[PDB]
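> here's a sequence, model it:
(one chain, ligands or ions: 5)
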Amino acid sequence: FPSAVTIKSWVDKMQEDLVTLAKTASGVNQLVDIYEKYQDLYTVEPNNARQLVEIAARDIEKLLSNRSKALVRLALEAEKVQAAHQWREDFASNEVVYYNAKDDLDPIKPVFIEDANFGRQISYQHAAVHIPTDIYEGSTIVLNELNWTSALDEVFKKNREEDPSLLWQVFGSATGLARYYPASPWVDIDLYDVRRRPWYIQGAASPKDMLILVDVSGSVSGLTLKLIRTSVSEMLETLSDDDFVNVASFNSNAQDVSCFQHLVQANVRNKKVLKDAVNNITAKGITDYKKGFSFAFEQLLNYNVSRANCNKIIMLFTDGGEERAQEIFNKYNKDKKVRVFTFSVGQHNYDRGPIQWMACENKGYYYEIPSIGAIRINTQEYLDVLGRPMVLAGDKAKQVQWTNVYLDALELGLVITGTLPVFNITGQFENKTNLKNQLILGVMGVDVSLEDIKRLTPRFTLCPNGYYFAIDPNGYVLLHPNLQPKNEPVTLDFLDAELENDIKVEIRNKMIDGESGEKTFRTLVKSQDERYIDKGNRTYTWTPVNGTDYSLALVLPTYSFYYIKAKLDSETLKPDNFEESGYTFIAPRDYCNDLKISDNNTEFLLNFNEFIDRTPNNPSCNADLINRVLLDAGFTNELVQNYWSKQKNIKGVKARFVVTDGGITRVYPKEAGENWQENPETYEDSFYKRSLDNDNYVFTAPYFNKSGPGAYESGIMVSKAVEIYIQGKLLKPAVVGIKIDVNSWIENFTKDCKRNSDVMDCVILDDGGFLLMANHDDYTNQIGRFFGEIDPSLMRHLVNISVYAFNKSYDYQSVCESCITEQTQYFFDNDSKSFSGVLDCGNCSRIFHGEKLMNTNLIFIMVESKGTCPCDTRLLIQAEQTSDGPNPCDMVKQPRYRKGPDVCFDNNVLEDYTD
Ligand SMILES: *[C@@H]1O[C@H](CO)[C@@H](O[C@@H]2O[C@H](CO)[C@@H](O)[C@H](O)[C@H]2NC(C)=O)[C@H](O)[C@H]1NC(C)=O
Ligand SMILES: *[C@@H]1O[C@H](CO)[C@@H](O)[C@H](O)[C@H]1NC(C)=O
Ligand SMILES: *[C@@H]1O[C@H](CO)[C@@H](O)[C@H](O)[C@H]1NC(C)=O
Ligand SMILES: *[C@@H]1O[C@H](CO)[C@@H](O)[C@H](O)[C@H]1NC(C)=O
Ligand SMILES: *[C@@H]1O[C@H](CO)[C@@H](O)[C@H](O)[C@H]1NC(C)=O
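Numbers count the residues shown, from 1 in each chain. Ligands and ions are numbered 1, 2, ... in the order given. Sure, structure below:
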């Protein structure tokens, strides 16, 4: 094995060659020199974090003022209209006419004029009614609703006309009947119950400490167990994240069905765990209600755990019996703080008297489930039963509640919904009320798209590493870069998108209560692509949103504290000029409302240049965005004309490129244009951000086993961010790039580590353990894969000796047959350039010396061949591994710190609760 000095000399020579070639061919010096030479065409302006967060908070509060005023208006007029309703029965003569969606033209037929802000056909003349497929059409229980909701369309018209930015307006009733205003055909045996939706549920009840008990007696084993499992699973589905639920089973003794021994939050992971636990249940023993309910009661009074002190409930899943257990209820529940809802599931002939008495005495309700199908309807009922204190609150239940981000029904994007319920309370001066008013007519809601929220968020004046994020008092994120749809509400915690520490949890527990401040901390950050980790200083500025429960914050790496502007060409952005200017891509952003994104990019180029070409004033068009993009295109053209033209063809350099802020890309030769595979949006490509954060050269490895050839003829991507100093103040405008022919690198790698023999291994890796160069001539075919997938022993020993530190993220968005993805990414932790040791699997030992490449992220390892002694502990894989995330059995006993809503309505003295 060669000496350490020889390996150091080889590393120095290789790193000098690579660095020099990348620097000379990419042309960082010329670009930065141009940027520092003009100082005229651009303006550097401060990006005030606290000011921006305040402006965004007030703006979003105003948009919520819009969408709450609309809702109070619609609800008030709904109450007024139904209050003075005849309840016409004989609708034979009075044929009511309405526009039913999802219908067919086989014997209203609107022209269906398509407008912006909606992807599909809309008609503002009429409103569209959605009814569940299972429920029946025109009858004595739907036609009345279809009549008295015919006056809601006027309010819809008025609301839209007074505010043209409204997205959607819906009203949900006790029998479905979603009447949504911008009448659009439905999806295209579709299942959608309006009452079975988070926005319906969150408005129709209060945050509840639900408990579940299941009758698991051996005598009722069979189909009843399956019905119980499916019913309780659908119950858990009904539970939102504002409620705490736990399931226990009792058979002469009560025990937890799962690893949880207390009330846990009803989030997706816990809900799945409870569902799986109940699905694993089996029936054995004799029933004893007393000890079951007792246990449920100290679980209710279990104040040692996290709870929303609000709306305590028991939900018993029984069949029938002759045991009322008066004394058990009397001992624990004398003031009657706990509701008890009991079920009679299955078809049997047991006595149901005590079962009904339990609900009757404890202010709960009793339900029967004779067969599959009635579970969906029966589940909605207890929520409306819980609304009795809420309906009797009067001028206190009038408070809109904003849902979390969830996918819209007609495929519009990420949206949240407002909620308000409608009552029949009327005539306060006489009070013929205190009646049927107990029940609600349903809930009505408006929608705001996350595109609308992000229109209030100007991200393009920041760096790609900066962004916005807002968090609700539960703890999840309302808006985040990593918040991406999968196709169910999307749920990302603040410490589930970013990387966890003590400072981030401290600030997520310091602004979730609704405080403000600033804090700069030194941590490690994550790249756009799930392959690399990085490190940098980020400052977080946060302020509460006074109008709502939300809390927004802003992030700034300490080089995007300032930004760039432009004070106050055509030939550059011409496809026919690509022969000399290179195959340009333009970033499909909202440059102008007149044009649209194309993704095509070629067409987008035609549209962009035809709009820019023709007076060029553009009276209804953006100003700063187009100005910056023009200036940046000028810069890219200047670079290509001055430097890249001089050396038309380099043996080792397959291509060159420069991506910038503004969205202009330049690949010098024509043939390399079709080799370009990445996103034209410069805020979306990973390497842009990675290079800005790393102060060294960044070698992006190509993908391995990717569809279509992209390794041999594409080359190796190298980058280095451009940093400028105007008046001693930092900014990171652009990054440059090169494609390195693999053949040239191979031929120059044979100068030391000669090939065609199996004696020693010479491989060059980067951050993340991706193979870039190898001598074996069979590893060089497979360039671009994770190095642990070919030599896992070496990577594991490298991890143990602490040259590669990894921490795993858990991303909950995946395509699987809502799996959790284990996101492993590696990086250098110990800033030690030299590393040596012996890799021994037993008697056989291999001497290795690993020396890092200076001013890059590459590592060269000089280890013996695998033929000397076989050793493979396990094939270590770095990819999106499908596996269970962190165990919730341990994270519920020390969960994330929550703040609950102070607004609750329960234990009302005026409450009737006759049933
Ligand atoms: C609030 O809603 C209920 C639901 O319809 C109304 O109950 C109806 O009351 C009328 C009174 O004449 C009866 O004719 C109907 O038969 C009732 N409905 C049902 C389903 O039986 C109630 O009247 C409403 N409250 C007010 C103040 O009108
Ligand atoms: C909110 O309401 C006002 C009053 O009509 C309206 O002009 C405004 O555009 C709405 N939206 C926002 C974001 O303020
Ligand atoms: C609803 O019923 C009333 C009778 O109270 C009738 O006059 C009215 O026209 C009906 N509405 C529609 C849309 O026809
Ligand atoms: C990130 O990696 C460091 C070093 O390996 C480790 O100390 C830290 O706990 C990791 N962070 C997370 C959130 O796992
Ligand atoms: C864009 O549309 C034009 C229309 O003629 C077509 O020629 C071109 O190939 C398209 N490019 C892409 C990438 O879709």
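> hmm, the strand or helix carrying residue 156 in reach of ligand 3?
In this assignment (DSSP states H and E), residue 156 forms part of helix 152-162. No. Using CB under 6 Å from any ligand atom, we find that helix 152-162 stays clear of ligand 3, coming within 10.4 Å at best. From N, CA and C alone the C-beta is placed, and that goes for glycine too.
> tell me what that helix is packed against?
Applying 3 or more CB pairs under 8 Å, 6 or more residues apart in numbering; DSSP states H and E, we find helix 152-162 packed against helix 49-83, strand 168-173.
> ok, and which of these has the densest surroundings?
Ranked by mean neighbour count, the helices and strands packed on helix 152-162 are led by strand 168-173 with a mean of 24 (mean count of other CB atoms under 10 Å).
> packing partners for that one?
Applying 3+ CB pairs under 8 Å, 6+ apart, one finds that strand 168-173 contacts helix 49-83, helix 152-162, strand 178-180, strand 442-449.
> now that strand against strand 442-449, angle please.
160 degrees (axes from the mean of the first three to the mean of the last three CA atoms, to 10 degrees).
> tilt between strand 168-173 and helix 152-162?
Put simply, strand 168-173 runs at 160 degrees to helix 152-162, going by the same axes, to 10 degrees.
> convert strand 168-173 to PDB, retaining C-alpha atoms only.
In PDB, the C-alpha atoms belonging to strand 168-173 read as follows (Å, rounded to 0.1, in the frame of the first residue of the first chain):
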ATOM      1  CA  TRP A 168     -65.500  29.100  -3.900                       C
ATOM      2  CA  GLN A 169     -68.700  29.300  -1.900                       C
ATOM      3  CA  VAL A 170     -70.500  26.200  -0.600                       C
ATOM      4  CA  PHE A 171     -73.300  25.400   1.800                       C
ATOM      5  CA  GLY A 172     -73.600  21.900   3.300                       C
ATOM      6  CA  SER A 173     -76.900  20.600   4.900                       C
END
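> just so I know, which of the helices and strands packed on helix 152-162 lies nearest ligand 4?
helix 49-83 (24.5 Å; CB to the nearest ligand atom).
> report whether that closest one contacts ligand 3.
No. Helix 49-83 stays clear of ligand 3 (CB under 6 Å from any ligand atom), getting no nearer than 10.8 Å.
> how distant is that helix from the center of its chain?
24 Å (CA atoms, centre = their mean, to the nearest Å).
> for the helix holding residue 156, buried residues please.
Neighbour-count burial for helix 152-162 flags 152-153, 155-156, 159-160 (criterion: 16 or more other CB atoms under 10 Å).
> ok, of those, which one's closest to residue 712?
residue 160 (57.1 Å; CB to CB).
> now residue 57, nearest residue through space, not along the chain?
Spatial nearest neighbour of residue 57, chain neighbours left out: residue 545 (4.7 Å); criterion: CB to CB, 6 or more residues apart in numbering.
> secondary structure class for residue 505?
Using DSSP: H, G, I helix; E, B strand; the rest coil, the structure places residue 505 in helix.
> residues contacting it?
495, 896 (CB atoms under 8 Å, 6 or more residues apart in numbering).
> start at 686 instead
Right, with 686 as the first residue, what we last looked at is residue 1190.
> returning to that earlier point: CSV for the helices and strands packed on helix 837-847, including distance to residue 991?
As requested, those are exported to CSV (distance: least, CB to CB, whole Å):
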stretch, distance to residue 991
helix 734-768, 28
strand 853-858, 31
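> domains for this protein, by residue range?
Using automatic domain parsing, the domain parsing of the chain gives 712-726+1252-1425, 740-887+1077-1135, 891-1057, 1151-1244, 1438-1576.
> distance from the chain centre to the last one, please.
Here domain 1438-1576 shows a centroid-to-chain-centroid distance of 30 Å under the convention CA atoms, centre = their mean.
> next: the first one.
Counting by CA atoms, centre = their mean, domain 712-726+1252-1425 is centred 29 Å from the centre of its parent chain.
> tell me how far the ends of stretch 1271-1281 are from each other?
Using CA to CA, to the nearest Å, the end-to-end distance of stretch 1271-1281 comes to 13 Å.
> so it, near ligand 5 or not?
No. Contact of stretch 1271-1281 with ligand 5 (CB under 6 Å from any ligand atom) is absent, the minimum separation being 11.6 Å.
> for residue 1449, what are its contacts?
Listed by CB under 8 Å, 6+ apart, the contact set of residue 1449 reads 699, 1457-1459, 1538, 1543-1545.
> state whether residue 1062 is indeed within a helix.
Yes. Counting by three-state DSSP, residue 1062 is part of a helix.
> quick one on the thing from earlier: between which two of the buried residues of helix 837-847 is the distance greatest?
Farthest pair in the buried residues of helix 837-847, by CB to CB: 837 and 845, 12.5 Å.
> from memory residue 1093 sits against residue 1132, does it?
Yes. The criterion here is CB atoms under 8 Å, and residue 1093 meets it with residue 1132 at 6.8 Å.
> what parts of this protein come near ligand 3?
771, 773, 779, 781, 832, 835.
> repeat the analysis, applying 8 Å as the threshold.
770-771, 773, 776, 779-782, 831-833, 835 (CB under 8 Å from any ligand atom).
> can I have the buried ones of the residues you listed as a ChimeraX selection?
Per 16+ other CB under 10 Å, the buried members of the residues of the chain next to ligand 3 correspond to this ChimeraX selection:
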select :831,832,833,835
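> that'll do, ta.
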